[PDB]
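Okay, so here's the structure we're looking at.
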Amino acid sequence: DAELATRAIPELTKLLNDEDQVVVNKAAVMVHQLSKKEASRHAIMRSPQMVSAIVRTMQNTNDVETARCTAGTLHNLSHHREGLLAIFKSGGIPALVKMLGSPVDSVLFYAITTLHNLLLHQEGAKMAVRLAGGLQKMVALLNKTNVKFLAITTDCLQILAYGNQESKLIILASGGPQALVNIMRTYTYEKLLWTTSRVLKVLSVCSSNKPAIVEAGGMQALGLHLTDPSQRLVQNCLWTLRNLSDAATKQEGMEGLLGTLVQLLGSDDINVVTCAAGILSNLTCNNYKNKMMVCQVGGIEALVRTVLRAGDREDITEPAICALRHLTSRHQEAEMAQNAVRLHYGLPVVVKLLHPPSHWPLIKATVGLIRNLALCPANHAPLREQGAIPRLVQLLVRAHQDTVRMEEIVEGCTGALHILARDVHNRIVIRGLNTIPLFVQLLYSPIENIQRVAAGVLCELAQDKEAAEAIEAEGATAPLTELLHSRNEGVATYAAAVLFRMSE
Ligand SMILES: O=S(=O)(Nc1cccc(-c2ccccn2)c1)c1ccc(Br)cc1
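Quick note, the sequence shown lines up with residues 145 to 547, 564 to 664 if you use the entry's author numbering.
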């Protein structure tokens with residue numbers, strides 16, 4: 145069987161080396177229609193004699209029936225690791241990519257099939273096509289229409305992406321993302337969407353290029369398939385949107401995407417809820433154009449319940465607590481969003497997350513959220529009767545006695577007593593825990609924003625009579641008097657307003 149070509153092989157090599165571009169064309173066809181034999185393709189393989197001659201004849205031809213059979217051999221040889229090694233050694237890779245510069249898809253399919261098999265098999269072939277300029281062509285090859293073609297070209301761009309930060313920018317340089325997301329908002333085929341998603345997912349793991357797909361509409365197109373029945377896909381369409389969320393904060397025309405996300409917060413896979421609660425956190429950090437869209441679709445309802453699903457788990461807790469904070473500061477439906485937390489029974493599950501086993505970053509967002517919630521004074525009465533002002537004042541000491565920075569809490573944990581002191585009974589509860597020496601201690605901090613919220617909870621506290629008969633001791637009727645000269649002005653204002661309500 146195979147003992148035939150094992151000696152007839154060197155014959156066909158010589159006739160390939162000939163000059164006449166007809167005694168080499170149809171001669172190479174003889175090699176192909178023999179490669180259809182798993183017994184004798186082994187013989188073409190085992191001896192890498194013409195393995196160069198096939199490669200060499202490919203990039204030195206002008207007839208199309210040549211390349212139809214020429215590269216087809218290279219395909220029909222990728223079926224075993226034995227052959228792959230020969231194709232790399234024979235310099236085929238910086239030549240197989242030249243066939244990507246053809247319109248005849250019969251050549252292109254046979255070509256990109258080999259390049260796919262090499263990457264997901266042949267070691268040491270990544271550095272190859274990276275340098276044969278194929279990163280350009282593979283992108284520019286995303287004009288064709290044969291679903292399975294673009295489903296392979298996108299995958300060959302995945303391996304050539306997960307690795308070097310430099311291989312991506314070629315994709316960022318020539319159409320790339322704007323031609324990529326086109327494959328996501330025009331094609332029904334499922335496998336191609338998943339293959340394309342891993343590309344867009346990999347491209348989104350460095351802030352250097354994240355603001356490129358977003359301007360290309362990547363958030364919009366990726367929002368189309370969030371509901372797609374292929375669950376093995378949506379988990380890629382989500383991790384991408386979580387990384388991208390640092391760019392669409394200042395982007396418009398993206399509304400309905402949120403509406404499909406706020407719904408997913410009550411789904412089966414706890415994975416999706418986690419990434420979904422994160423997608424809404426960074427899509428809200430400083431932008432009251434998305435916020436109002438989240439509220440009028442029941443965002444607060446969807447989040448309090450989601451905060452209540454887990455509780456002890458913190459992968460869910462942070463991006464939802466840190467979300468509700470964004471939906472409770474500087475926007476139109478502010479007061480309503482501060483109300484809606486209470487009506488939907490939020491106050492408990494919020495103050496509960498102050499207590500352990502919760503760790504520091506969640507406690508940051510929670511403390512900031514309680515400052516936010518206290519703006520509608522209806523929220524004061526429960527927080528007082530919820531066991532909150534204590535665990536605030538202790539957390540402050542936990543972050544104080546040793547002075564993310566604990567000082568970032570000392571500010572927010574005091575600045576939440578300032579929006580809490582605007583209620584009458586809470587000023588007694590603060591006064592009751594015998595804390596006035598600590599707020600006075602804070603003023604001496606020569607930092608900055610800590611100066612403000614310190615005097616803030618004192619300025620609110622001193623409106624009553626007995627605070628003058630208390631803060632005037634301990635050592636305040638002088639350090640504030642040597643603070644009015646502060647460069648910061650809201651810091652000076654507060655540092656003075658205390659000094660007033662003390663004389664009479
Ligand atoms: O608790 S944070 O959200 N930390 C934190 C940690 C990692 C990332 C970010 C972040 C990334 C992108 C966009 C907004 N945020 C914030 C925070 C908030 C305010 C201040 Br002042 C300091 C830290």
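All C-beta atoms in this analysis are idealised placements derived from N, C-alpha and C, irrespective of residue type, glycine included.
Candidates the options: which alpha carbon is nearest residue i's?
| i | options | result |
| --- | --- | --- |
| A295 | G307, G397, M282, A305 | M282 |
| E458 | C429, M437, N415, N483 | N415 |
| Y489 | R474, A509, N523, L471 | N523 |
| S473 | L491, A518, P463, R453 | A518 |
| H186 | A230, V441, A467, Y604 | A230 |
| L424 | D412, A454, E462 | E462 |
| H223 | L244, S246, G235, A183 | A183 |
| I590 | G367, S411, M437, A627 | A627 |
| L279 | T547, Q266, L259 | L259 |
| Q623 | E608, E477, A581 | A581 |
| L228 | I188, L344, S374 | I188 |
| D412 | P521, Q375, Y333 | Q375 |
| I444 | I256, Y432, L471, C466 | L471 |
| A525 | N609, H585, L409, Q440 | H585 |
| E334 | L347, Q309, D372 | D372 |
| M398 | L409, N431, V378, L643 | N431 |
| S191 | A323, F293, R151 | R151 |
| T210 | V251, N220, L178, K233 | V251 |
| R565 | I315, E477, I610, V406 | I610 |
| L304 | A284, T332, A272, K288 | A272 |
| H499 | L536, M662, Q476 | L536 |
| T637 | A478, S663, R647, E163 | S663 |
| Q545 | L598, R212, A652, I588 | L598 |
Would residue i be called buried (16 or more neighbouring beta carbons within 10 Å of its own) or exposed?
| i | result |
| --- | --- |
| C350 | exposed |
| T574 | buried |
| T330 | exposed |
| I514 | buried |
| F660 | exposed |
| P321 | buried |
| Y654 | buried |
| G400 | exposed |
| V600 | buried |
| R225 | exposed |
| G531 | exposed |
| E571 | buried |
| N204 | exposed |
| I569 | buried |
| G268 | exposed |
| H645 | exposed |
| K180 | exposed |
| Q302 | buried |
| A317 | exposed |
| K170 | exposed |
| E620 | buried |
| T201 | buried |
| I607 | exposed |
| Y604 | exposed |
| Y254 | buried |
| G367 | buried |
| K345 | buried |
| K288 | exposed |
| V168 | buried |
| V541 | exposed |
How many whole angstroms separate the CB atoms of residue i and residue j, which I take to be in contact at a CB cut-off of 8 angstroms?
| i | j | result |
| --- | --- | --- |
| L264 | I327 | Not really, about 20 angstroms apart at Cβ, beyond 8 angstroms. |
| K270 | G307 | 6 angstroms |
| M194 | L218 | In fact, because the Cβ distance is near 12 angstroms, the residues do not count as touching under 8 angstroms. |
| residue 557 | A576 | Residue numbering in the chain breaks between 547 and 564, and residue 557 falls inside that break, so it has no position here. |
| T298 | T340 | 5 angstroms |
| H176 | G216 | 5 angstroms |
| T393 | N426 | 7 angstroms |
| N290 | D249 | 6 angstroms |
| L377 | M363 | The pair is not a contact, with the Cβ atoms about 17 angstroms apart (cut-off 8 angstroms). |
| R342 | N380 | 6 angstroms |
| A172 | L160 | 6 angstroms |
Which residues have a Cβ closer than 7 angstroms to any heavy atom of ligand 1, listed in chain order? Those residues are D390, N426, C429, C466, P505, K508, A509, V564, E568, given in chain order.
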